[PDB]
2 protein chains.
Amino acid sequence: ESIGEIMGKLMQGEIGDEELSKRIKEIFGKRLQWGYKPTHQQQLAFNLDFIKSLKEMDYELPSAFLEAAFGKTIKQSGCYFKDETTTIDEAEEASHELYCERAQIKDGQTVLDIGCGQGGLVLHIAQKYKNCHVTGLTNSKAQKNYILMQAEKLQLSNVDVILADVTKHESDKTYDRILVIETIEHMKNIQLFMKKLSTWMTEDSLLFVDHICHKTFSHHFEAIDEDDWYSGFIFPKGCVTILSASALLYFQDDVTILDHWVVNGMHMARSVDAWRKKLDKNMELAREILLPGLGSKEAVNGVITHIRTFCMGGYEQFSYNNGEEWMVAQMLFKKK
Amino acid sequence: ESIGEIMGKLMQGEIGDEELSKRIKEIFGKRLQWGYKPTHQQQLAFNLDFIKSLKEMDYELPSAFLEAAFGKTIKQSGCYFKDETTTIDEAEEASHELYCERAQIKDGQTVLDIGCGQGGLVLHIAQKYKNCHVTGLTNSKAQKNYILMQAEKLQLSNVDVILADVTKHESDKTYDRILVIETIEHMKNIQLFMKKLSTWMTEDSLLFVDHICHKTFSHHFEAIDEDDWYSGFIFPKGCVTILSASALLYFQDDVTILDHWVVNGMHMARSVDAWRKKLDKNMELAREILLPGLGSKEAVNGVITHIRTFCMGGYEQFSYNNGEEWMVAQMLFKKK
Ligand SMILES: Nc1ncnc2c1ncn2[C@@H]1O[C@H](CSCC[C@H](N)C(=O)O)[C@@H](O)[C@H]1O
Ligand SMILES: Nc1ncnc2c1ncn2[C@@H]1O[C@H](CSCC[C@H](N)C(=O)O)[C@@H](O)[C@H]1O
């Protein structure tokens, strides 16, 4: 069976969930085979080669659709589920609280959220800590607009948003706290990224990074072989990197580690499951919302298939071996 | 059975090798049970707690005996065995060559060897690189004397030895290369140690560290429980720390990592096996050598039992799971 053939049936909704999940799990299984080495000697050689290679490098969905698919604050990162019955809205809030705890946020601090998305964390910190000034930075005008509208509705006076490609942003401004929640995976050059972040810190600042990871090895999110129809469908341009849980420890030229955690992958699995189920529940509404801006029922079905498959695939990835393969890494740093 | 009882039979040579190896393997087995956590979340919590705890802290055998037990240069660190038939003398040289390769030694450099022991590496570099100046640093007068005698016999003019407790040594001198071969395991405060080493480097220097490790977790070399007669017999004062293979990545306040390797534990296992077998072969001579300085056959038997048991135990430790538990970690750093 060719890619063309599988992609044919997928787009037509002719692959049932059972088969789809099975096919994607197999693809992730091959990545694990690729990544695990027989000895720690070989594992470190593999991992350091990856790390060295990084050092050589360098239409938007309507907000109504996003609201029908994601949780209340449209968080687009792994959330944290205390209970079986925890809702996605509760899991968003719990995840925001965990970041505030681990990044040691205190009232009165200046806070920068890099790649802030729809601004759930910016709005959380602004509401919880009235004397903080909170700045989100995003490369999306639509996201900036959404955040400023929400801050207005919430009567928040302590929020601003920088519209910038972070890789190009130049400023003399420093911040007490810099937060990077699942943004670093999108970064082309990571030695240069951490260096830039360090110039926006003082000796009193902390930097908190959260990134999807594998516990043992790093990889680009790209086709494992010629049979892999999934990876390139999800990221057809690519430029998503899955660092190992310890990869950023090798990027301490300009910052120094203070603490290090991981969150088991079942939290991410439950996040993507909640998105998939909500999209499914709101399927008719979603198709209605998208149609104006996409111009045909076929183009709508395509966008929806892509998002739904991303959630179905993410479920297999992060739930693999009960959350003990792909998971979320978190690190706290100070400036050199 | 009490410790007193096992120690009774051990000292009397009443425990055969088979039983001795079995008992020590069991003790290491319990350490593995202690150290491996069920989830990566818990493994990192365990490992970071250990790392944080470190940040809060702060008669000699005649040379003729050492010559009868160890290899030609009296190396007292893991060696490197290419073949089944590689001799300890060859393995010493191979290990010296590996350090020179990984620490990027070049003729003309100033080189400092911290905790240089009987000076095998100092003498190797001095002979191979005639324009290097090579300084060994040791806290032992007997070791200093041995090295200077060997340098004289070898017609080396480029060797000096500092007699100092490294934790107390103050100097303005800097070096192109600093080498630390299985010395850091003896260090009380490691943030402070790496900081001190950094003040002896310039922007052009490199630091190479080799340390015994476990691939997954860190531990002090101390009794696992009340049944453990071994750990405290080997190190009755203690102050040996077995860092995980990645522990020093968290000690980059003052230096920055460039490369990272591990060497499989079978190399160390073959090293301690060679020492044990050579001591066994030369047992009569060894007892004769020690008697003058120890003053009784009983005190001689004690010293020999301690050294032999150390080798028997080391064999079980490093050969465990074909060298994939305890092994040797190596790191290359530059100054911040
Ligand atoms: N170069 C760049 N400059 C600014 N933002 C960028 C960027 N590359 C990616 N981003 C943004 O970073 C975000 C990563 S997704 C995570 C969004 C948000 N932190 C949340 O947790 O929900 C996306 O909004 C992405 O478009
Ligand atoms: N505070 C200190 N100052 C100097 N040397 C020390 C020290 N603590 C331990 N040492 C020495 O460091 C050495 C560790 S054993 C390794 C010796 C040598 N590098 C080799 O590979 O053979 C021992 O000689 C030990 O006595």
Side-chain angles (χ1 to χ4, degrees), chain A residues 21 24-25 28 31-32 69-103 105 113 115-118 120-121 124-125 179-186 208-218 221 234 240-248 259-280 307-308 310-332, chain B residues 37-48:
Chain A
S21 294
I24 301 171
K25 183 191 188 183
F28 280 97
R31 180 62 74 189
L32 292 180
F70 290 94
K72 180 167 69 188
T73 68
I74 325 178
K75 189 165 189 291
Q76 288 173 321
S77 47
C79 296
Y80 186 93
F81 288 77
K82 172 177 45 139
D83 299 298
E84 289 88 347
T85 61
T86 297
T87 69
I88 185 60
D89 293 357
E90 285 163 342
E92 289 185 343
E93 187 169 37
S95 168
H96 293 149
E97 294 177 339
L98 178 66
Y99 308 152
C100 288
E101 289 169 1
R102 290 181 169 172
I105 304 294
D113 185 1
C116 59
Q118 305 290 148
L121 180 58
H124 176 91
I125 297 170
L179 314 172
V180 189
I181 308 301
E182 295 170 31
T183 296
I184 203 169
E185 297 90 306
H186 299 276
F208 178 80
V209 175
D210 167 304
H211 66 84
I212 63 175
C213 77
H214 185 277
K215 60 165 187 69
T216 295
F217 60 87
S218 301
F221 198 109
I234 299 304
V240 168
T241 298
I242 303 202
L243 298 168
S244 79
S246 287
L248 284 184
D259 215 340
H260 185 195
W261 310 262
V262 291
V263 176
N264 165 284
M266 288 309 299
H267 293 281
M268 179 63 83
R270 293 176 68 189
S271 306
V272 296
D273 183 56
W275 302 334
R276 196 271 297 159
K277 284 169 165 156
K278 185 173 176 182
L279 175 56
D280 278 358
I307 294 167
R308 193 170 184 279
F310 163 94
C311 294
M312 295 297 287
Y315 189 85
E316 295 308 314
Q317 174 181 11
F318 284 92
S319 75
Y320 212 114
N321 288 336
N322 206 36
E324 289 297 317
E325 298 295 340
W326 284 275
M327 53 189 75
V328 170
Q330 296 178 338
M331 291 188 180
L332 183 67
Chain B
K37 301 304 139 176
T39 62
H40 203 58
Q41 170 222 295
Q42 289 167 106
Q43 191 70 65
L44 286 187
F46 186 65
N47 293 355
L48 266 289

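Below, read A as the first sequence line, B as the second, and so on, with proteins coming before strands; counting in each chain starts at 1. Scope of the values below: all heavy atoms of this structure, side chains included, with no hydrogens, waters or symmetry mates.
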Does any part of the side chain of [Y], heavy atoms only, come nearer than 4.5 Å to the side chain of [X], both counted from C-beta?
{"X": "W261(A)", "Y": "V328(A)", "value": "no"}
{"X": "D210(A)", "Y": "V263(A)", "value": "no"}
{"X": "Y99(A)", "Y": "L121(A)", "value": "yes"}
{"X": "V262(A)", "Y": "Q41(B)", "value": "yes"}
{"X": "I125(A)", "Y": "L179(A)", "value": "yes"}
{"X": "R102(A)", "Y": "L332(A)", "value": "no"}
{"X": "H186(A)", "Y": "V240(A)", "value": "yes"}
{"X": "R31(A)", "Y": "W326(A)", "value": "yes"}

Roughly how far apart are [X] [atom1] and [Y] [atom2], rounded to 0.5 Å?
{"X": "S77(A)", "Y": "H96(A)", "atom1": "OG", "atom2": "NE2", "answer": "6.5 Å"}
{"X": "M331(A)", "Y": "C213(A)", "atom1": "CE", "atom2": "SG", "answer": "8.5 Å"}
{"X": "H214(A)", "Y": "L243(A)", "atom1": "NE2", "atom2": "CG", "answer": "13.0 Å"}
{"X": "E325(A)", "Y": "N264(A)", "atom1": "CD", "atom2": "CG", "answer": "11.0 Å"}
{"X": "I242(A)", "Y": "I212(A)", "atom1": "CD1", "atom2": "CD1", "answer": "4.0 Å"}
{"X": "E92(A)", "Y": "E90(A)", "atom1": "CD", "atom2": "CD", "answer": "11.0 Å"}

Does the side chain to side chain contact (heavy atoms under 4.5 Å, CB included) test come out yes or no for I24(A) and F28(A), once each step is laid out?
-> CA-CA 6 Å; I24(A) 301 171; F28(A) 280 97; 3.7 Å; yes
How about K25(A): does its NZ atom have over 12 heavy atoms from other parts shown lying under 6.0 Å from it?
-> no
When you measure from the side chain of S218(A) to the backbone N and O of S244(A), does any donor-acceptor pair fall under 3.5 Å?
-> yes
Under 3.5 Å, is there a donor-acceptor pair between the side chain of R270(A) and the main chain of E84(A)?
->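 Pair found, side chain donor or acceptor close to backbone of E84(A).
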Smallest separation among heavy atoms of [X] and [Y], with atom names:
{"X": "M312(A)", "Y": "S21(A)", "value": "CE-OG, 3.5 Å"}
{"X": "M327(A)", "Y": "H40(B)", "value": "SD-CB, 3.9 Å"}
{"X": "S246(A)", "Y": "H260(A)", "value": "OG-CE1, 3.5 Å"}
{"X": "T183(A)", "Y": "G115(A)", "value": "OG1-O, 3.3 Å"}
{"X": "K75(A)", "Y": "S95(A)", "value": "NZ-OG, 3.0 Å"}

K277(A) meets the salt bridge (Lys or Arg N to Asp or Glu O under 4.0 Å) criterion, sequence neighbours left out, with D273(A)
Residue list, salt bridge (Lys or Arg N to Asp or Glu O under 4.0 Å) with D280(A), at least two apart or on another chain | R276(A), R308(A)
Using the test side chain to side chain contact (heavy atoms under 4.5 Å, CB included), find all partners of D89(A) that sit at least two apart in sequence or belong to another chain.
->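 With neighbours one apart ignored, the set is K72(A), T87(A).
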List the steps, then state whether side chain to side chain contact (heavy atoms under 4.5 Å, CB included) holds for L248(A) with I184(A).
-> CA-CA 10 Å; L248(A) 284 184; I184(A) 203 169; 3.9 Å; yes
Decide yes or no on side chain to side chain contact (heavy atoms under 4.5 Å, CB included) for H267(A) and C79(A), but give the supporting numbers first.
-> CA-CA 6 Å; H267(A) 293 281; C79(A) 296; over 6 Å; no
Using ring-ring contact (aromatic ring centres under 6.0 Å, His included) as the criterion, list what pairs up with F46(B), not counting sequence neighbours.
->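 In terms of ring-ring contact (aromatic ring centres under 6.0 Å, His included), with neighbours along the sequence ignored, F46(B) is linked to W34(B).
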Do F70(A) and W275(A) make the cut of ring centroids closer than 6.0 angstrom?
->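 Between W275(A) and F70(A), which both carry aromatic rings, the centre distance is below 6.0 Å.
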Quick one: side-chain hydrogen bond (donor to acceptor under 3.5 Å, both in side chains) partners of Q43(B), sequence neighbours excluded?
-> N47(B)
Not counting sequence neighbours, which residues clear side-chain hydrogen bond (donor to acceptor under 3.5 Å, both in side chains) with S271(A)? List them please.
-> none
